[PDB]
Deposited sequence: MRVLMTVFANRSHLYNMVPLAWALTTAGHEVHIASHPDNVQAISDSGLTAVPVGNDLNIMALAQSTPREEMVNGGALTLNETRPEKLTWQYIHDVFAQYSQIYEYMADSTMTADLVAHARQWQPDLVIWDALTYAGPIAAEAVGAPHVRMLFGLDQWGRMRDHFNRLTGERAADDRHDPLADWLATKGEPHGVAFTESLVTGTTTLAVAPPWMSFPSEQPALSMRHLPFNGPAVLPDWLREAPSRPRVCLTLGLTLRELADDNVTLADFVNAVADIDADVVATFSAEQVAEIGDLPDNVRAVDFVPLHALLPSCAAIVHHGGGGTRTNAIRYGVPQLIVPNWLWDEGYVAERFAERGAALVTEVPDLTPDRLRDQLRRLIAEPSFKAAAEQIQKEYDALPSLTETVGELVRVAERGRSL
């Protein structure tokens, strides 16, 4: 079958759907990834076939989607979240990008469109040609969670007071293309999840579940990693957070290193500068593929993002999380912590000494490894990518 994947120009959201693209390819299906011209090279460099659509995006240049406190969740609040975010997402997959992807769908006739959950050109393109389409999540479904509240809150109002920013945007989006608004444009003919169910939001529709393979981009085993380690190894990927936050970067590095273990840290050209002399047990590196490092690690300290955490799931590694709050990092870090596989230090509370002390706990207390390994078992049982391909074949067959 012909599968048209689409993702806005961002490497991380691309990497999200790369293993699936490959599962589809080796099952024999024809796969295109449509993205903005500034993401075509990353698509090519993952081994796949790119279809440029639209203009270069260059995305790297009190209304939150991640609000769960149920008194903040009023209809007006959610309505306004959807007013604000529809403009963000329109921007990320605009009417030129949408019109190119629709024209390619019309000529190529895909049987199935899979769209990254922030790439709203996809369902327009699929409905324009009558193809079913799968909304592919890239962490928790903040948007589906918000929309469930919204739709129900909306149902209980003067028929004349149910203004819907999502319906207006997507009717406008679809209208050059003869695509009429239906809720399926908001959330897919169906949805594909990448987070394990135990950390996920209750949902009104089920999503396909999947044992998510986290693709970490270009990867080379460095020689130093060919070593059996002499003790436990810690991986520190907090470059952005530490550089953003009396106490100096080198203060943090020092306190982190003051443990009975080897530290591998991803750090800047710039940042290796103002750390000055590195502790004898801290290797700084621009990048190390996480799948080749984590099998030898007792702990990972990171920002709580989907790729990194999915790596920690897969290799059973205890986490110290200093959450981002950029999509779902804070909810997900609490979940990890409630299951006893992580310790959490919110950025306002971040101090060199605190990083160090949770880190020593993660090495010394066997309960965190044990919780981590349990989470790994239950990840091991989620549907394989081959199962997921069969589901998507069915999705497509049904029309």
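For this chain, the deposited residues without C-alpha positions form the stretches 62 to 75, 260 to 262, 417 to 419, given in sequence order.
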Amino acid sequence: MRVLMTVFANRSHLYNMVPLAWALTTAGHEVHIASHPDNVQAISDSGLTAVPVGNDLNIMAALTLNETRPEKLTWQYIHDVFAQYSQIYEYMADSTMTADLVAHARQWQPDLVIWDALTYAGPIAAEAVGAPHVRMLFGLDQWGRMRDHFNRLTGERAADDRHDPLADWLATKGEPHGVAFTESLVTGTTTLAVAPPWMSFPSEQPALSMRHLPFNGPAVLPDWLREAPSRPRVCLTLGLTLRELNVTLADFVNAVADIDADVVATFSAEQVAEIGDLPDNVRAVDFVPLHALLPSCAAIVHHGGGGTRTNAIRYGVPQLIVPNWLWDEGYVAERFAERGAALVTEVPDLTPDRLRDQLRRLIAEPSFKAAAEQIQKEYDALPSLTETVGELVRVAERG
From here on, numbers count along this sequence of modelled residues.
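Stretches compared: 271 to 279, 146 to 154. Higher mean C-alpha B-factor in the entry: 271 to 279. When the C-alpha B-factors of 351 to 359 and 44 to 52 are averaged, 351 to 359 comes out higher. By the numbers in the PDB entry, the CA B factor is greatest at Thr68 among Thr68, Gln374, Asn39, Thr26. Taking the deposited Cα B-factors for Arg309, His133, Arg211, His163, the highest one is held by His163. For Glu329, the recorded CA temperature factor ranks within the lowest third of the chain's modelled residues. Among the modelled residues of its chain, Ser296 has a C-alpha B-factor that falls in the lowest third according to the deposited record. Among the modelled residues of the chain, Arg106 sits in the middle third by CA temperature factor in this PDB entry.
In the PDB entry, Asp116 places in the lowest third of its chain by CA B-factor. Sorting the modelled residues of the chain by their CA temperature factor places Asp262 in the highest third.
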